[PDB]
Amino acid sequence: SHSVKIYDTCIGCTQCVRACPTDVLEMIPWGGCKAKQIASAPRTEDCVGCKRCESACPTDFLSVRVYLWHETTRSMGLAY
Amino acid sequence: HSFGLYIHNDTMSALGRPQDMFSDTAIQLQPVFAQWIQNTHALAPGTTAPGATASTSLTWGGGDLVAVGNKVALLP
Amino acid sequence: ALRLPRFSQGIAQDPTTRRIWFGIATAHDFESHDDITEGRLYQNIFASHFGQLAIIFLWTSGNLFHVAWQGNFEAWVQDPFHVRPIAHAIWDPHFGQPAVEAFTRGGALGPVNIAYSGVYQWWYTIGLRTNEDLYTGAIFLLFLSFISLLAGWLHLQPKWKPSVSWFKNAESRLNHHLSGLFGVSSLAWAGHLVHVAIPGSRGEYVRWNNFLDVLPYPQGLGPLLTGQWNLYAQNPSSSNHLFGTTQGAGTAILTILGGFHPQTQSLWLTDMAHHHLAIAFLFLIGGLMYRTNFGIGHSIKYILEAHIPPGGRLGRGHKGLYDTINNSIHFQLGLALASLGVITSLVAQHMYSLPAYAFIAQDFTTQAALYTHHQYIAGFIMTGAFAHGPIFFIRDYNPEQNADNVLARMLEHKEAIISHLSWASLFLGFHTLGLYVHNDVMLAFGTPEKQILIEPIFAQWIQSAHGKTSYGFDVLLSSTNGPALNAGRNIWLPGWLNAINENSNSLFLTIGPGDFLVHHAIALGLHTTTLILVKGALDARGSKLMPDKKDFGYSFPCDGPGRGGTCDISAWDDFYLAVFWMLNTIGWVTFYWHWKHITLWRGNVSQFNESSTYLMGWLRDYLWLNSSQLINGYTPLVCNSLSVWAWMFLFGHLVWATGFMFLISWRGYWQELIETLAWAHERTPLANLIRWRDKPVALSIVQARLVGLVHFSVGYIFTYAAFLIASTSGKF
Amino acid sequence: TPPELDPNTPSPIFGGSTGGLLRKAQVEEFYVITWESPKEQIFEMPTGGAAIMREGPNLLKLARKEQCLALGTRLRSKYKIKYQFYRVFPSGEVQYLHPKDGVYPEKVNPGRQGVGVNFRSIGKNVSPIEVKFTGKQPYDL
Amino acid sequence: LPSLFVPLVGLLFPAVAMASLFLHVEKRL
Amino acid sequence: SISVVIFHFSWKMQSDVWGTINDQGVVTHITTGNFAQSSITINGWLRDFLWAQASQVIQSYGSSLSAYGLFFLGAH
Amino acid sequence: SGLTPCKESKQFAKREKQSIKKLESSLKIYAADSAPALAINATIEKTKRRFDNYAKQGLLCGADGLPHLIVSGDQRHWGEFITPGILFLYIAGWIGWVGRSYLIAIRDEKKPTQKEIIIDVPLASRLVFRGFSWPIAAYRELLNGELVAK
Amino acid sequence: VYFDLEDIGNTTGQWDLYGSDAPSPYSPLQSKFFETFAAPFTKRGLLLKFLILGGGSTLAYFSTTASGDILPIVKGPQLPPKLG
Ligand code: CLA
Ligand code: CLA
Ligand code: CLA
Ligand code: CLA
Ligand code: CLA
Ligand SMILES: CC1=C(/C=C/C(C)=C/C=C/C(C)=C/C=C/C=C(C)/C=C/C=C(C)/C=C/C2=C(C)CCCC2(C)C)C(C)(C)CCC1
Ligand SMILES: CC1=C(/C=C/C(C)=C/C=C/C(C)=C\C=C\C=C(C)\C=C\C=C(C)\C=C\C2=C(C)CCCC2(C)C)C(C)(C)CCC1
Ligand SMILES: CC1=C(C/C=C(\C)CCC[C@H](C)CCC[C@H](C)CCCC(C)C)C(=O)c2ccccc2C1=O
Ligand SMILES: [Ca+2]
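Residue numbers (the deposited numbering), protein chains in the order written: chain A, 2 to 81; chain B, 456 to 531; chain C, 2 to 733; chain D, 71 to 211; chain E, 4 to 32; chain F, 608 to 683; chain G, 80 to 229; chain H, 53 to 136.
Printed below as a string of structure tokens:
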């Protein structure tokens, strides 16, 4: 499946989690920003790689990145 | 079944086999349905439409031609 | 592993048809393979290298075999001017009776293809005379091709595999490639010339049976070791000399006459034996510069470390640059390809102007074919050189280890490099097109006197310096009171001045305003293609739009629609862009070459000189004009021997346009289409008894651009080749 | 907390569509999404055209999951509804997917533990050469 | 007439090659 | 689709319809009825249609029709 | 300069001759006192004037019979390239210098983009004639020509 | 219509739709004739080899021929340009 990482540059806006069509990310407690939360990629097996998450990050540089990797049925978005 | 017939024709011609082409002089694909209609509009005036003196179009005329100047206006 | 491709587990677990596609396009990218080590990397390449040589030896072996078995050659040797060389025989059951008649040419017994590679003139010049000679040559290469495979297999065995440090022994390899691979090879080639080639051009046949009790020279090696080498140039072949015969034959084996042999219109054999002998010296002595195991020589590293201009205007100069190149195979391939690409063009530009093979200049189709051949090879090689350059920056470039050296400073001021290349391209583009269009309007309004026809006097001045009488100018070698002239006076100059001022040959052809414009087109083509490629290389590791373009590799589809949209942002993709421009550039080059030459051979340089200044002229008087015999290869009335070129001509157009589909329409459309077909198959009775083992999916984003580009390129090459050969050979 | 389980609950009123399950559902996986409806309502089907929600508990089987979230997301807004979806497999085992941790993912929960987070953020990753030949990748670090 | 090596290269080799590749490609160790 | 439609029109009319007629009945069409035997081949379309008929627009410089010559290249 | 001056080129004379005969041919259908005739006679007079000037200004011609330009720098042909060029660089410099005078005037202001899509014509008219002395850009170059940040 | 974990097969429409399940309509003996005479080709592998080697050589065999096009035939060859 694809590879998705998060960085301490994250501000806890939570927008990507809202942007994801396959429920890959989620927010977890943290203490590196005023929001006190940070994104996480606990289910990268369900990711498709549409990068809607990245398209929704306001950090100067994306704090969530998606590195397209090995292709699986799940990632190829196949209903057959 | 349209374009592939052309490529067939190109290859046969280039190989010097005109008789193996889709043409009027070889393997004919005569569009008979459009031809029959064409003929029907020819026999239309007087027969089907008695009020019509001449044909609807000269493309259905058969043996009628119209010229203006030295140039051809229309014909079957 | 588990299944193909088992050099990559992650790609074998692909349940779609993509696993097969990508399994083929990554088979040679050894570094991306599973469990790869630096040891296995150098060993796989080394082995592949033997495999490549084996194929090359085998390939040439095929040509020799077929020319001997299905070609005249012997008939061609007697009448070079009036015999068409045969490529091989044609056996095609699809052939109609006419096609068999129309194609049986060259005095063959059946339908044959006419060779346009020029191996006939090459082998005749080389010394080969009969078919027996060709067969034993074919045997020899078949043998060499076997020992290539044998050696490739040998060094894949554990007790014969070379260590990585052996591959990184640069100074030893250079000392041997310069001295042995270049020098000794060239030295021994001049040996073949004075033993076989030169005496063969003088009627005497020297093969293995009698090359021992037969002297290449009357004084026979005496004067060489004596020091009076001048004796070998004492009696050259006459001006009335006939090739292959004793009529006018001399005794000399090493001369410097310059110019051409009158009969063959090619360089003197005694000029070329001398050439390679002289070459072999600078190479033999040259391959003793670097250090090995004898306590003498140079440390390449230490030289680079020492070349730092004080006042640090180049920073730390070339320090650490030795390891940067010796550790990165891509840097080496890039340097190799760039160098090779340049001398590939050098070959092209020299073999049409200074023919080295007997009776090759008279064969116009061969001359046109060979020139176009190499200029496209050179072009492709050049883009690859600028592809591994980027790959190097991504995979092997170490920023800290190249701190502030010339390589690093490139990236440091990359914006300046790119913007100026952009300016140069914009300047050339705006005016070359501008002048072409202005002239077209004048011709349209019927006022050719209003054209802008700039004389290329700079280049005309060069030709004068070479000794061309036209234009006047009174430059060096064009002036009686010139130190340069009187220095070379009656050595190579009488032969040179005679040849450069002959109106038949292609030795520094007369150029005018029409030549001025196309050259700027050429200049435009070069600058733009370089602009694309170096912008690709210098941005491979990142930009403002994608700061971390590394981490993603050389080839990736994109980075999504965010940040404005990032399609074709990878270094692989600007390669993809540059190939188009390089195809456009070489296209302009070969159009220029072929039009100038067909008008010359036709004795009508007027048509080129007056029509090449406006673009309608190119369309009408070059492309539309010379397409006549080609497109009539087959007709509603008949078929000709040019029918195959007519067929290929359309074939090229078809492949070319088919590629437009992959380049214009992109993936999401086709993916949604296929999944409706996936539905159909499962819901169709009798058909759903049969199930696919690989899931049908649309070609990937990058794969599309590759497939599209290949079609575009194949069409490009096959279309022009169909035109180049037919229009030429139809007229000759 | 334990996830909900099912299932014998009815499914919505639909007429049939071509976007339905295929062999993949039979041999690979298929998904189910479930929800509670206050009224019998009409909704747009991701696979098809239009279907009628059935008042009370509702069960829908869809292929691919994304279809599950797309419909579910639509259920959350538009009308207010609480939904959940599971992964079926073919053996009969079932797997609870979303929400999966009590609460929705947008909302921070204390139970959750981070996965795939790099504390040296930035593009402070190392050059590819540095990991060359090391199965690793720069981001993985 | 040796020109009957054509079908062999022309068809037989390709068929064998394709069949073999097809099999290797669909293999599941 | 439309491009091959209007090419179908242009060739068919010149070849089989339009042309000069004199007062003996003798009809001489513009392209002389070559549609039937040469439009059935892609090479025929390239040669007898495009190559042949494009001669007017590429030989229009100096004429009143040179603007078409300019727009021809201009559109390419 | 392997060419021959146009004044003494036969090909150059044949073109003027052939062109005039073509226009005169058309002259026949329209009769005399006529609009097209006056229009054609005006083209003929414009034609003669053209060729006359080219010869008069010492422009070489090629075997083609058409003038060719010398851009080497040779003094006899500055008119051909160098003189017009300097004229260009003056204007090009003018336009660019005025264009750059506007952006600097605009840069420190409110919404700077607002005056890039809606021109401040009073400001532009104030700055247009500054390009007249634009080659005193040189004296800006001795100090504040280009930014030091990059 | 239904949905039970108990029976996934049925849940996901794995139905042998147009399947017969009916007894053999073929007359016996006829079947037995075909069952004993087509038996060698049913072993696989060997059929693959029989079709390659057999199909290959059978093809080669039609190497031999006449009214194919093996006749440039008595036709004076043209020159036909600069000559050759
Ligand atoms: C180098 C490859 C190659 C070769 C050697 C051939 C050879 C032939 N082709 Mg094929 N073809 C090819 C490539 C090739 N083609 C490609 C790439 C295409 C796609 C464009 C085609 C499309 C094509 C078409 C549409 C037709 C041919 C036809 C023919 C036959 C015409 C000669 C004839 O009439 O005699 C004799 C005519 C016969 C019918 C004799 C039959 C030959 C016997 C039955 C062979 C026995 C079957 C063979 C053993 C099974 C193969 C086994 C093998 C795969 C292991 C000839 C056998 C024509 C044809 O076969 O007629 C129907 C024809 O219609 N070709
Ligand atoms: C010394 C010569 C040389 C060598 C050793 C290499 C070696 C390599 N190249 Mg480079 N390259 C070269 C020259 C060379 N190249 C030139 C001259 C160009 C300009 C065209 C390129 C442009 C290039 C690009 C863009 C890429 C490489 C890549 C690679 C690497 C992977 C190769 C691979 O597995 O793919 C296998 C290749 C194939 C299976 C060939 C299939 C596609 C070909 C082009 C189609 C064949 C043409 C067509 C079918 C002709 C038949 C038509 C018919 C009608 C007659 C490998 C290290 C890749 C890389 O960087 O690694 C990630 C990469 O993407 N090369
Ligand atoms: C004939 C088609 C065509 C043309 C005209 C161009 C032109 C250009 N290309 Mg493109 N290219 C093409 C095909 C073409 N390309 C294709 C098929 C590909 C493969 C995808 C590419 C890939 C490519 C890449 C990757 C790059 C280019 C670049 C460029 C620019 C190069 C610099 C230059 O020439 O300055 C001169 C400008 C021109 C020649 C075009 C100007 C057109 C007219 C003359 C302008 C005047 C307009 C006039 C007033 C009429 C106005 C009309 C009215 C309605 C307003 C130039 C604009 C490079 C670039 O951007 O340069 C920095 C760049 O890197 N090209
Ligand atoms: C249906 C149309 C058709 C077909 C099927 C053929 C077929 C053939 N032609 Mg004919 N030809 C045609 C039309 C056609 N032609 C027309 C219209 C003309 C103009 C009149 C000609 C003019 C012509 C000439 C002059 C010649 C032929 C020859 C040949 C034969 C090539 C023999 C060969 O190399 O083997 C195999 C094919 C190849 C080696 C080339 C294939 C290239 C592929 C794409 C390389 C890429 C492969 C890739 C790596 C994938 C590999 C997988 C694979 C191994 C499974 C073959 C029988 C030649 C011949 O007689 O043989 C000696 C010959 O010289 N043709
Ligand atoms: C203030 C106006 C201005 C100035 C001083 C410059 C200056 C420069 N440009 Mg830019 N450019 C401009 C406008 C300008 N440009 C506009 C509007 C565009 C969009 C088409 C561009 C697109 C452009 C590209 C792609 C490139 C440059 C480049 C360059 C540099 C090299 C010279 C050149 O090729 O330019 C050529 C000019 C053009 C291609 C466009 C024509 C610009 C028009 C004619 C001027 C604008 C007039 C403006 C509306 C006046 C406002 C009046 C005001 C008082 C109200 C030089 C620094 C090159 C570079 O980077 O150098 C290394 C380069 O590759 N320019
Ligand atoms: C003596 C003589 C001469 C000479 C001249 C010269 C001196 C020369 C030259 C030359 C030159 C001067 C050449 C060049 C070139 C080049 C090129 C072609 C390039 C390239 C490249 C590339 C492709 C790169 C890549 C890369 C990258 C990008 C990254 C890093 C790595 C690398 C490096 C790989 C003359 C003629 C005058 C006269 C006569 C004689
Ligand atoms: C002489 C001559 C010639 C040659 C020339 C040359 C070769 C030269 C050159 C040149 C060069 C080599 C130049 C350079 C440069 C540079 C630079 C570095 C620049 C800059 C700039 C700037 C900065 C500008 C700016 C501006 C202005 C000033 C104006 C407007 C605005 C603007 C901003 C644009 C010829 C033969 C052709 C012709 C005759 C004459
Ligand atoms: C047509 C098309 C397809 C559909 C094309 C497909 C699925 C190609 C499938 C290939 C078929 C099976 C025939 C291929 C046979 C060729 C002769 C290749 C030879 C086989 C080997 C030698 C490689 C895409 O998937 C696509 C994706 C992205 C951009 C553009 C396009 C696009 O234009
Ligand atoms: Ca010459």
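Note that the Cβ used here is the ideal one computed from N, Cα and C, for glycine as well.
> Within the 8 angstroms Cβ cut-off, does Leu57 (chain H) reach chain D?
Replying inline: yes
> Straight-line CA distance for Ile665 (chain C) to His654 (chain C)?
Replying inline: If you take the alpha carbons of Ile665 (chain C) and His654 (chain C), they lie about 17 angstroms apart.
>> Does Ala22 (chain E) come out as helix, strand or coil in the three-state DSSP assignment?
In response: helix
>> I'd like the span of the beta strand (DSSP E) that includes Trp105 (chain D), first residue to last.
In response: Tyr101 to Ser107
> Would you call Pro112 (chain C) buried or exposed, if buried means 16 or more other Cβ atoms sit within 10 Å of its Cβ?
Replying inline: buried
>> Pairs of beta-carbons, one from the segment 321–341 of chain C and one from the segment 377–394 of chain C, closer than 8 angstroms: are there three or more?
In response: yes
> Near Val348 (chain C), which residues of its chain fall below 6 angstroms by C-beta distance, leaving aside the five closest residues on each side in sequence?
Replying inline: Contacts found: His375.
>> So, for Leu513 (chain B): in the same chain, excluding its five sequence neighbours on each side, which residues have a beta-carbon less than 8 angstroms away from its beta-carbon?
In response: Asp519, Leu520, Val521, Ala528, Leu529, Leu530 and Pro531
>> Rounding to the nearest angstrom, what Cα-Cα distance links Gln452 (chain C) and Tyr437 (chain C) in this structure?
In response: 9 angstroms
>> Once DSSP output is grouped into helix, strand and coil, what is the label at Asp171 (chain D)?
In response: Here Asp171 (chain D) sits in strand by DSSP.
> How long is the line joining the alpha carbons of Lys96 (chain G) and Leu102 (chain G), rounded to whole angstroms?
Replying inline: 10 angstroms
> Got a sec: does ligand 4 put a non-hydrogen atom nearer than 7 angstroms to the Cβ of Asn114 (chain C)?
Replying inline: yes
> So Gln368 (chain C) packs on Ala362 (chain C), CB below 8 angstroms; how close in whole Å?
Replying inline: 7 angstroms
> Using a Cβ-Cβ cut-off of 7 angstroms (strictly less than) and excluding sequence neighbours within five positions of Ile301 (chain C), which residues of its own chain qualify?
Replying inline: Within the same chain, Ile301 (chain C) has close Cβ partners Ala171, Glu172, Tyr291 and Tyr323.
> Apart from the five residues just before and just after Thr18 (chain C), which ones in its own chain have a Cβ nearer than 8 angstroms to its Cβ?
Replying inline: Same-chain partners within the cutoff: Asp695, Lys696, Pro697 and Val698.
> Using the C-alpha atoms, what's the distance from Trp618 (chain F) back to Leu725 (chain C)?
Replying inline: 29 angstroms
>> Let me check understanding here. Comparing Cα to Cα, which of A:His3, A:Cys21 and A:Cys11 lies closest to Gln137 (chain D)?
In response: A:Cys21
> Taking Cβ-Cβ distances shorter than 8 angstroms, what residues in chain C pair up with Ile649 (chain F)?
Replying inline: Within 8 angstroms Cβ-Cβ: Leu651.
> Are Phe159 (chain D) and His168 (chain D) close, meaning C-beta to C-beta below 8 angstroms?
Replying inline: no
> Under the rule that 16 or more other beta-carbon atoms within 10 Å means buried, what is residue 744 (chain C), buried or exposed?
Replying inline: Summary: the structure shown does not reach residue 744 (chain C), with chain C confined to residues 2 through 733, and so no result is reported for it.
> Comparing the C-beta of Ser612 (chain C) with each C-beta of chain G, is any distance below 8 angstroms?
Replying inline: no
>> Residues of chain F with CB closer than 9 angstroms to the CB of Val527 (chain B), please, in chain order.
In response: By Cβ distance, chain F contributes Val624, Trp625, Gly626, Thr627, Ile628, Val634 and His636.
> With a Cβ-Cβ cutoff of 8 angstroms, do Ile455 (chain C) and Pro514 (chain C) count as a contact?
Replying inline: yes
> So which of C:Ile691, C:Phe553 and C:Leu700 has the shortest CA-CA distance to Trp667 (chain C)?
Replying inline: C:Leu700
> Which first and last residues belong to the alpha helix (DSSP H) in which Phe663 (chain C) is found?
Replying inline: DSSP places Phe663 (chain C) inside the alpha helix (DSSP H), whose first and last residues are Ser644 to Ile665.
> If you follow the beta strand (DSSP E) that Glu114 (chain D) is part of, which residue opens it and which one closes it?
Replying inline: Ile112 to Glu114
>> Using a Cβ-Cβ distance cut-off of 8 angstroms, determine whether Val348 (chain C) contacts chain H.
In response: no
> What residue from C:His432, C:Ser644 and C:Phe509 has the CA that sits closest to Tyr353 (chain C)'s CA?
Replying inline: C:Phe509
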